[PDB]
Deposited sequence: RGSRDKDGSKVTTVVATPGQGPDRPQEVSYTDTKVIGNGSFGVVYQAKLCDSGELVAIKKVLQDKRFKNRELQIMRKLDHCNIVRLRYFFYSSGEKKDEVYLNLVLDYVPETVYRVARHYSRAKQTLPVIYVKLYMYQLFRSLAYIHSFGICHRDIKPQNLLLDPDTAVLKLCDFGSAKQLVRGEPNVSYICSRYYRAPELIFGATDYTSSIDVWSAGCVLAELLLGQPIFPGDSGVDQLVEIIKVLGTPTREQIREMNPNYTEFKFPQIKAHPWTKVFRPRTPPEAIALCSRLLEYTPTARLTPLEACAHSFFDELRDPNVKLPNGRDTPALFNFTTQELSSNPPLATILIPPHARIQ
């Protein structure tokens, strides 16, 4: 059974696109996500079908049309169906950081630090890119970090919670997946910045080192109790910057004995109560935890070369251009 639609490439000029072998792979309040095979190339795609009101633009679509980056899933096409549905057609990526982490956790093992470095570095590159446009993802979690098993390339997906943040325009605070939710959001802040994604990235890093979520809250409010158990009660000034008294647990005692000190140091500079005290994504990319990735002899565990990690555009470096001397090593 072949379906033929008139799709606009993600130059607004539609073309006929045919696909087959459709199967449901995902769900949500937005609608359904399918996997399908394009007829000409045989390439696999993910098709996200969203119920769309004909009165007003789709925010996810407008954000996806502006993105062109190696570490973000590419919007190949979009089309309409049926009650109108918007359908986003993206290149299919079979694995995720969530599935990889779960496999290690069930086998009582930790993910090799080379993979933690490769995944986190590519996530920080995708965030430096989207943040350079004022766009905040607002749902950074391991389930939205797609991985190519053979190349170790990471791609950020699901821009359904994303938003261009404009100063003076309030934003919803009950946002982000709970375990990865920044403390200013739990305090009800509506004037938050892109640094909420950096808190989420720090939660993903800590989870990859620990083998389980660092802050496993059982409700939106208990999420703050879980955070407090580790970072201690925030001071009055920390609370002001964001929007059961306990002393902070020492960072070295949070992680396992053989955890690299550079991973702990990076984690401590991401999981800060004060949003402005957190590293920006470009600064996180320049951290000494990623030094091994800038070694000219670095290879993936399967013997292949690592993905292209140094092809930074001017747009990616725009927040701090002098960081290119650390980010692009002389051999590249």
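In sequence order, the gaps in C-alpha coverage of the deposited chain fall at 1-9, 20-21, 94-98, 260-267, 357-359.
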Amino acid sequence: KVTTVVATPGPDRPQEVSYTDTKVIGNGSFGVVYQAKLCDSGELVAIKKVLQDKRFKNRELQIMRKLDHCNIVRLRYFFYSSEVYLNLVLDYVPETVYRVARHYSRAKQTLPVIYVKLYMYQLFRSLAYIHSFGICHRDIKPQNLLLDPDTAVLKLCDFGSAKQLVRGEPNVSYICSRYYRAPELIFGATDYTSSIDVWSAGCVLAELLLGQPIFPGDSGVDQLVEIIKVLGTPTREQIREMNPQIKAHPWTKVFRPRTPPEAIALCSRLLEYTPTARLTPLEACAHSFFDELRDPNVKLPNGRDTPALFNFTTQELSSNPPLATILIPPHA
From here on, numbers count along this sequence of modelled residues.
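Only the largest set of C-alpha atoms that superpose within 1.5 Å between the two forms is called the rigid core.
When the other structures are laid on the shown form by the core, the C-alphas of 250-258 and 217-225 differ in how far they drift in 9 other deposited structures of this protein; the larger average drift belongs to 217-225.
Between 316-324 and 19-27, the larger root mean square Cα shift in 9 other deposited structures of this protein, once each structure is superposed on the rigid core, falls on 19-27. Higher average CA B factor: 298-306, of the stretches 298-306 and 266-274. Annotation for 183-191 versus 197-205: the higher mean temperature factor (C-alpha) is found in 183-191. Taking the PDB entry at face value, the top CA B factor among 166, 145, 89, 116 belongs to 166. The residue among 70, 293, 47, 61 whose C-alpha atom has the highest B-factor in the PDB entry is 293. Ranked within its chain, residue 107 lands in the highest third, by CA B factor from the PDB record.
Among the modelled residues of the chain, residue 132 sits in the middle third by CA temperature factor in this PDB entry.
In the PDB entry, a CA B factor belonging to the middle third of its chain's modelled residues is recorded for residue 234.
Per the PDB record, residue ranking by Cα B-factor puts residue 51 in the highest third of the chain. Split the chain's modelled residues into thirds by C-alpha temperature factor. Residue 159 is in the lowest one.
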